[PDB]
Amino acid sequence: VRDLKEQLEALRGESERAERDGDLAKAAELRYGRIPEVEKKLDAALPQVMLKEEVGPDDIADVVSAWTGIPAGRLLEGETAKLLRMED
Amino acid sequence: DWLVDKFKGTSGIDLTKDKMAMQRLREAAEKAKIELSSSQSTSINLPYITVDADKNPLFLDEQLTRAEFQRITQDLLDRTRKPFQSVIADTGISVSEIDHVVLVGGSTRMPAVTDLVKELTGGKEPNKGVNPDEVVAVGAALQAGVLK
């Protein structure tokens, strides 16, 4: 994703230049060809959880759970099966 | 104007709103006129000019004939006839009394202008041999030597 962002931006810098140079052939070729091409590629990869990069509203809950031993989480997809087979 | 009108006619885009579109349109126009000073046809090729609603490739590909060029530009060529005549009238000198015609300005290289001159002067032939844009400078140089 990162790579795609970099590429996009380079093309944007080139479209600026085409306008600086008055190069039509490349002006819109970049402005509605190459730039949106990579932009779309970026966007397609862009959705790409685990260790995102910021303290969400559940890292606090996990700290509180380590504290006091009281578990207050989100039923993390493995315990929600034991809490269904509890009776059996 | 013709290029924009035909571009728009095909794509629905106002090229006058893009200054870069307009600068190369002027370059293309200049050279189109130049080519039509001897050719009966010239080709304008400005690909990917600007951006439409669907980001579709907008390639300006137009054929300007010298006949079309005149159909268009004669609105302006005709503007010259009146002042040519007003000088003739102000001096009381017919075209048959003119010893020599000098055309200056590069636009006089056009056959549309040349032929107009031929009508204007009764066929009395303009002197070729010095580039029309350079003519005046040439004379000046000459006077600079004559003078000193």
# chains A, B, ... in the order shown; residues from 1 in each chain; ligands from 1

$ residues_around --residues "residue 111 of chain B" --least-positions-apart "4" --cutoff "9 Å" --atoms "only C-alpha atoms" --output "PyMOL selection string"
chain B and resi 36-38+115-116

$ write_last_selection --atoms "C-alpha atoms" --output "compact mmCIF listing (two decimals), in the first residue's frame"
# COMPACT_ATOMS: atom_id res chain seq x y z
CA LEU B 36 -1.40 25.99 -44.85
CA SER B 37 0.74 28.66 -46.40
CA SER B 38 1.76 25.97 -48.88
CA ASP B 115 -4.32 36.16 -53.98
CA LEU B 116 -6.19 38.96 -52.22

$ interface_residues --of "chain B" --to "chain A" --cutoff "7 Å" --atoms "only C-alpha atoms" --output "PyMOL selection string"
chain B and resi 20-21+23-24+46-51+55

$ write_last_selection --atoms "N, CA, C and O atoms" --output "short mmCIF file (atom, residue, chain, number, x, y, z; two decimals), in the first residue's frame"
data_model
loop_
_atom_site.label_atom_id
_atom_site.label_comp_id
_atom_site.auth_asym_id
_atom_site.auth_seq_id
_atom_site.Cartn_x
_atom_site.Cartn_y
_atom_site.Cartn_z
N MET B 20 -3.26 25.66 -20.17
CA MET B 20 -2.21 24.88 -20.80
C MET B 20 -2.75 24.32 -22.09
O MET B 20 -2.02 24.19 -23.08
N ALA B 21 -4.06 24.02 -22.08
CA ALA B 21 -4.72 23.56 -23.27
C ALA B 21 -4.64 24.62 -24.27
O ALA B 21 -4.24 24.38 -25.40
N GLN B 23 -2.45 27.14 -24.46
CA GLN B 23 -1.14 27.52 -24.94
C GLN B 23 -0.70 26.66 -26.05
O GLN B 23 -0.15 27.15 -27.03
N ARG B 24 -0.91 25.32 -25.92
CA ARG B 24 -0.55 24.42 -27.00
C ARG B 24 -1.55 24.54 -28.18
O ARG B 24 -1.12 24.51 -29.32
N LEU B 46 -3.06 16.99 -30.62
CA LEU B 46 -2.84 17.27 -29.23
C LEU B 46 -3.56 16.28 -28.39
O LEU B 46 -4.73 16.47 -28.10
N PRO B 47 -2.94 15.19 -28.05
CA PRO B 47 -3.46 14.11 -27.25
C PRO B 47 -3.54 14.45 -25.87
O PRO B 47 -2.87 15.39 -25.39
N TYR B 48 -4.50 13.79 -25.20
CA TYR B 48 -4.74 13.93 -23.79
C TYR B 48 -4.71 15.29 -23.33
O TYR B 48 -3.94 15.60 -22.41
N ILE B 49 -5.48 16.16 -23.92
CA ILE B 49 -5.39 17.53 -23.56
C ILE B 49 -5.77 17.85 -22.17
O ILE B 49 -4.96 18.33 -21.38
N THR B 50 -7.04 17.64 -21.87
CA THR B 50 -7.60 17.98 -20.52
C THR B 50 -8.50 16.82 -20.01
O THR B 50 -8.42 15.70 -20.53
N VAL B 51 -9.20 17.06 -18.95
CA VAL B 51 -9.96 16.01 -18.30
C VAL B 51 -11.54 16.16 -18.38
O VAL B 51 -12.10 17.14 -17.91
N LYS B 55 -13.11 10.68 -17.54
CA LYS B 55 -11.66 10.42 -17.69
C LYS B 55 -11.32 9.65 -18.93
O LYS B 55 -10.44 8.79 -18.91
#

$ residues_around --residues "residue 45 of chain B" --least-positions-apart "4" --cutoff "7 Å" --atoms "only C-alpha atoms" --output "list in words"
residues 60, 61 and 62 of chain B

$ atom_distance --atom1 "atom CA of residue 82 of chain B" --atom2 "atom CA of residue 128 of chain B"
24.3 Å

$ select_by_dssp --residues "chain B" --states "alpha helix (DSSP H)" --output "PyMOL selection string"
chain B and resi 2-11+19-35+66-77+81-91+111-120+135-147

$ closest_residue --among "B:73, B:40, B:121, B:114" --to "residue 88 of chain B" --atoms "only C-alpha atoms"
B:121

$ closest_residue --among "B:91, B:63, B:96, B:70" --to "residue 125 of chain B" --atoms "only C-alpha atoms"
B:96

$ select_by_dssp --residues "chain B" --states "strand (DSSP E or B)" --output "list in words"
residues 41, 42, 43, 44, 45, 46, 60, 61, 62, 63, 64, 65, 101 and 126 of chain B

$ residues_around --residues "segment 38-43 of chain A" --least-positions-apart "4" --cutoff "8 Å" --atoms "only C-alpha atoms" --output "PyMOL selection string"
chain A and resi 1+4-5+7-8+34+47

$ atom_distance --atom1 "atom CA of residue 110 of chain B" --atom2 "atom CA of residue 33 of chain B"
8.0 Å

$ atom_distance --atom1 "atom CA of residue 130 of chain B" --atom2 "atom CA of residue 112 of chain B"
19.1 Å

$ decode --residues "segment 4-83 of chain A" --atoms "C-alpha atoms" --output "mmCIF file, in the first residue's frame"
data_model
loop_
_atom_site.group_PDB
_atom_site.id
_atom_site.type_symbol
_atom_site.label_atom_id
_atom_site.label_comp_id
_atom_site.auth_asym_id
_atom_site.auth_seq_id
_atom_site.Cartn_x
_atom_site.Cartn_y
_atom_site.Cartn_z
ATOM 1 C CA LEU A 4 1.271 2.486 -4.276
ATOM 2 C CA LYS A 5 0.944 5.749 -2.355
ATOM 3 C CA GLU A 6 4.456 6.726 -3.307
ATOM 4 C CA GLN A 7 3.916 5.975 -6.920
ATOM 5 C CA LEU A 8 0.732 7.991 -6.976
ATOM 6 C CA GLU A 9 2.326 10.950 -5.585
ATOM 7 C CA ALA A 10 5.161 10.847 -7.998
ATOM 8 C CA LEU A 11 2.642 10.995 -10.842
ATOM 9 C CA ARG A 12 0.902 13.864 -9.279
ATOM 10 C CA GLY A 13 4.208 15.724 -9.166
ATOM 11 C CA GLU A 14 4.637 14.896 -12.884
ATOM 12 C CA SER A 15 1.185 16.301 -13.773
ATOM 13 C CA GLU A 16 2.224 19.507 -12.084
ATOM 14 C CA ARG A 17 5.265 19.582 -14.193
ATOM 15 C CA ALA A 18 3.254 18.879 -17.418
ATOM 16 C CA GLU A 19 1.179 21.939 -16.573
ATOM 17 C CA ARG A 20 4.451 23.890 -15.826
ATOM 18 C CA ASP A 21 5.787 22.845 -19.249
ATOM 19 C CA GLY A 22 2.493 23.146 -21.087
ATOM 20 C CA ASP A 23 2.741 19.501 -22.277
ATOM 21 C CA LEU A 24 -0.813 18.489 -23.190
ATOM 22 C CA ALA A 25 0.155 15.041 -24.340
ATOM 23 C CA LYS A 26 1.207 14.264 -20.867
ATOM 24 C CA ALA A 27 -0.938 16.732 -19.057
ATOM 25 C CA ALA A 28 -4.112 14.933 -19.056
ATOM 26 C CA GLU A 29 -2.498 11.590 -19.704
ATOM 27 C CA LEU A 30 -1.302 11.992 -16.157
ATOM 28 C CA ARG A 31 -4.264 13.881 -14.795
ATOM 29 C CA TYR A 32 -6.914 11.289 -15.871
ATOM 30 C CA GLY A 33 -4.746 8.344 -16.941
ATOM 31 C CA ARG A 34 -1.674 7.492 -14.782
ATOM 32 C CA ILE A 35 -2.729 9.204 -11.578
ATOM 33 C CA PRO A 36 -6.234 7.704 -11.226
ATOM 34 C CA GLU A 37 -4.791 4.418 -12.506
ATOM 35 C CA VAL A 38 -2.408 4.110 -9.547
ATOM 36 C CA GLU A 39 -4.993 5.756 -7.295
ATOM 37 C CA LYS A 40 -7.428 2.984 -8.059
ATOM 38 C CA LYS A 41 -4.734 0.371 -7.513
ATOM 39 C CA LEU A 42 -3.988 1.992 -4.187
ATOM 40 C CA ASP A 43 -7.566 2.078 -3.285
ATOM 41 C CA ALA A 44 -7.976 -1.543 -4.133
ATOM 42 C CA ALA A 45 -5.079 -2.447 -1.767
ATOM 43 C CA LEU A 46 -5.940 0.218 0.648
ATOM 44 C CA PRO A 47 -8.380 -1.820 2.885
ATOM 45 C CA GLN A 48 -5.320 -3.858 4.001
ATOM 46 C CA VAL A 49 -6.973 -6.627 12.270
ATOM 47 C CA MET A 50 -3.710 -6.876 14.310
ATOM 48 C CA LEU A 51 -1.415 -4.098 15.696
ATOM 49 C CA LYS A 52 -2.985 -1.318 13.531
ATOM 50 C CA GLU A 53 -0.993 1.574 15.057
ATOM 51 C CA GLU A 54 -3.066 3.250 17.786
ATOM 52 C CA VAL A 55 -4.574 2.446 21.172
ATOM 53 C CA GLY A 56 -8.161 1.519 20.386
ATOM 54 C CA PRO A 57 -11.043 1.360 22.851
ATOM 55 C CA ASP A 58 -10.210 -2.253 23.731
ATOM 56 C CA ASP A 59 -6.528 -2.000 24.638
ATOM 57 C CA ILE A 60 -7.736 -0.034 27.659
ATOM 58 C CA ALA A 61 -10.148 -2.871 28.410
ATOM 59 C CA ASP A 62 -7.324 -5.406 28.123
ATOM 60 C CA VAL A 63 -5.215 -3.390 30.559
ATOM 61 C CA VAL A 64 -8.166 -3.261 32.952
ATOM 62 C CA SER A 65 -8.531 -7.034 32.557
ATOM 63 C CA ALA A 66 -4.893 -7.614 33.464
ATOM 64 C CA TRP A 67 -5.737 -5.347 36.386
ATOM 65 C CA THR A 68 -8.061 -6.757 39.052
ATOM 66 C CA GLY A 69 -8.391 -9.998 37.089
ATOM 67 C CA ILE A 70 -11.888 -8.913 36.005
ATOM 68 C CA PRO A 71 -12.298 -9.757 32.298
ATOM 69 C CA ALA A 72 -14.115 -7.029 30.345
ATOM 70 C CA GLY A 73 -13.350 -7.607 26.674
ATOM 71 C CA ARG A 74 -15.289 -8.352 23.498
ATOM 72 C CA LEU A 75 -15.784 -12.162 23.377
ATOM 73 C CA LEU A 76 -12.814 -12.612 21.086
ATOM 74 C CA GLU A 77 -14.181 -15.318 18.790
ATOM 75 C CA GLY A 78 -12.829 -18.242 20.807
ATOM 76 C CA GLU A 79 -14.540 -17.786 24.147
ATOM 77 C CA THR A 80 -17.885 -17.269 22.408
ATOM 78 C CA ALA A 81 -17.827 -20.995 21.625
ATOM 79 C CA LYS A 82 -17.169 -22.118 25.196
ATOM 80 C CA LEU A 83 -19.922 -19.784 26.367
#
